[PDB]
Amino acid sequence: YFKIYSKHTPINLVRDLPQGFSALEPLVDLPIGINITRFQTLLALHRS
Amino acid sequence: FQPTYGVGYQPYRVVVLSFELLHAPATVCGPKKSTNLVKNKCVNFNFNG
Ligand SMILES: *[C@@H]1O[C@H](CO)[C@@H](O)[C@H](O)[C@H]1NC(C)=O
């Protein structure tokens, strides 16, 4: 089972993580049934 | 394939369903037949398992 918990938070701090408490709600459970040992974030370029 | 041909030389549309039985997380389930809800009585309740 792949559990994804998530939370959206409106912040106004510039640089670092804000200090506070926010419990993450369960969003979606995924029936994947696969081995996972490595991950990589996906970003987006800006072209001009 | 002609309509005048006898049964046995006639086209048959064949659909074969294939499943795996309870070894991985499952995505396909059969329907759930929920009954009406009765309140204020001592009943045996079954809510989402
Ligand atoms: C999952 O992958 C890792 C590294 O590839 C491996 O060491 C581990 O044995 C694998 N687990 C299973 C259940 O195959």
# chains A, B, ... in the order shown; residues from 1 in each chain; ligands from 1
>>> interface_residues(of="chain A", to="chain B", cutoff="9 Å", atoms="only C-alpha atoms", output="list in words")
residues 1, 30, 31, 32 and 33 of chain A
>>> write_last_selection(atoms="C-alpha atoms", output="PDB file, in the first residue's frame")
ATOM      1  CA  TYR A   1       0.000   0.000   0.000  1.00  0.00           C
ATOM      2  CA  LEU A  30      -2.577   3.624  -3.741  1.00  0.00           C
ATOM      3  CA  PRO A  31      -2.708  -0.095  -4.680  1.00  0.00           C
ATOM      4  CA  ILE A  32       0.782  -0.319  -6.208  1.00  0.00           C
ATOM      5  CA  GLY A  33       2.220  -3.591  -4.805  1.00  0.00           C
TER       6      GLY A  33
END
>>> residues_near_ligand(ligand="ligand 1", cutoff="9 Å", atoms="only C-alpha atoms and all ligand atoms", output="list in words")
residues 34, 35, 36, 37 and 38 of chain A
>>> write_last_selection(atoms="N, CA, C and O atoms", output="PDB file, in the first residue's frame")
ATOM      1  N   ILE A  34       4.443  -2.737  -5.360  1.00  0.00           N
ATOM      2  CA  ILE A  34       5.755  -2.780  -5.992  1.00  0.00           C
ATOM      3  C   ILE A  34       6.838  -2.398  -4.990  1.00  0.00           C
ATOM      4  O   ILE A  34       6.586  -1.749  -3.973  1.00  0.00           O
ATOM      5  N   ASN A  35       8.060  -2.823  -5.301  1.00  0.00           N
ATOM      6  CA  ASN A  35       9.241  -2.465  -4.527  1.00  0.00           C
ATOM      7  C   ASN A  35       9.710  -1.067  -4.922  1.00  0.00           C
ATOM      8  O   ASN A  35       9.832  -0.760  -6.111  1.00  0.00           O
ATOM      9  N   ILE A  36       9.949  -0.215  -3.925  1.00  0.00           N
ATOM     10  CA  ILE A  36      10.473   1.135  -4.133  1.00  0.00           C
ATOM     11  C   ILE A  36      11.600   1.361  -3.134  1.00  0.00           C
ATOM     12  O   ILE A  36      11.390   1.234  -1.922  1.00  0.00           O
ATOM     13  N   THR A  37      12.798   1.687  -3.636  1.00  0.00           N
ATOM     14  CA  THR A  37      13.919   2.019  -2.761  1.00  0.00           C
ATOM     15  C   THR A  37      14.577   3.364  -3.046  1.00  0.00           C
ATOM     16  O   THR A  37      15.411   3.791  -2.241  1.00  0.00           O
ATOM     17  N   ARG A  38      14.240   4.043  -4.143  1.00  0.00           N
ATOM     18  CA  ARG A  38      14.857   5.309  -4.523  1.00  0.00           C
ATOM     19  C   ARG A  38      13.797   6.233  -5.113  1.00  0.00           C
ATOM     20  O   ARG A  38      12.794   5.780  -5.677  1.00  0.00           O
TER      21      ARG A  38
END
>>> atom_distance(atom1="atom CA of residue 7 of chain A", atom2="atom CA of residue 28 of chain B")
28.7 Å
>>> atom_distance(atom1="atom CA of residue 6 of chain A", atom2="atom CA of residue 22 of chain B")
29.0 Å
>>> residues_around(residues="segment 15-24 of chain A", least_positions_apart="4", cutoff="10 Å", atoms="only C-alpha atoms", output="VMD selection string")
chain A and resid 4 to 9 11
>>> write_last_selection(atoms="N, CA, C and O atoms", output="mmCIF file, in the first residue's frame")
data_model
loop_
_atom_site.group_PDB
_atom_site.id
_atom_site.type_symbol
_atom_site.label_atom_id
_atom_site.label_comp_id
_atom_site.auth_asym_id
_atom_site.auth_seq_id
_atom_site.Cartn_x
_atom_site.Cartn_y
_atom_site.Cartn_z
ATOM 1 N N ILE A 4 -0.327 8.271 0.686
ATOM 2 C CA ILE A 4 -0.006 9.678 0.495
ATOM 3 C C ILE A 4 -0.886 10.476 1.442
ATOM 4 O O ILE A 4 -2.120 10.507 1.297
ATOM 5 N N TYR A 5 -0.233 11.115 2.404
ATOM 6 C CA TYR A 5 -0.836 12.093 3.294
ATOM 7 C C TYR A 5 -0.388 13.466 2.820
ATOM 8 O O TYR A 5 0.747 13.623 2.369
ATOM 9 N N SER A 6 -1.266 14.460 2.910
ATOM 10 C CA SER A 6 -0.873 15.781 2.444
ATOM 11 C C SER A 6 -1.578 16.865 3.242
ATOM 12 O O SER A 6 -2.601 16.633 3.891
ATOM 13 N N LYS A 7 -0.991 18.056 3.190
ATOM 14 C CA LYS A 7 -1.546 19.232 3.845
ATOM 15 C C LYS A 7 -1.114 20.484 3.096
ATOM 16 O O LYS A 7 0.061 20.627 2.745
ATOM 17 N N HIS A 8 -2.072 21.373 2.847
ATOM 18 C CA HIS A 8 -1.811 22.691 2.283
ATOM 19 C C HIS A 8 -1.847 23.724 3.400
ATOM 20 O O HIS A 8 -2.784 23.740 4.207
ATOM 21 N N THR A 9 -0.831 24.584 3.448
ATOM 22 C CA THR A 9 -0.702 25.551 4.523
ATOM 23 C C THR A 9 -0.384 26.923 3.937
ATOM 24 O O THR A 9 0.569 27.054 3.147
ATOM 25 N N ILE A 11 1.399 30.204 4.242
ATOM 26 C CA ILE A 11 2.485 30.791 5.012
ATOM 27 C C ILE A 11 2.924 32.081 4.333
ATOM 28 O O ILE A 11 2.575 32.361 3.186
#
>>> atom_distance(atom1="atom CA of residue 47 of chain B", atom2="atom CA of residue 34 of chain B")
9.5 Å
>>> select_by_dssp(residues="chain A", states="strand (DSSP E or B)", output="ChimeraX atom specification")
/A:2-6,25-30
>>> residues_around(residues="residue 11 of chain B", least_positions_apart="3", cutoff="9 Å", atoms="only C-alpha atoms", output="compact mmCIF listing (two decimals) with N, CA, C and O atoms, in the first residue's frame")
# COMPACT_ATOMS: atom_id res chain seq x y z
N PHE B 1 -17.32 -15.59 -43.94
CA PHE B 1 -18.48 -15.47 -43.06
C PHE B 1 -19.70 -15.07 -43.89
O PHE B 1 -19.79 -13.93 -44.37
N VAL B 7 -24.66 -23.34 -38.19
CA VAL B 7 -24.11 -23.03 -36.88
C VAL B 7 -22.89 -23.91 -36.63
O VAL B 7 -22.97 -25.14 -36.65
N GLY B 8 -21.74 -23.27 -36.40
CA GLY B 8 -20.45 -23.93 -36.39
C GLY B 8 -19.48 -23.41 -37.42
O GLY B 8 -18.26 -23.54 -37.23
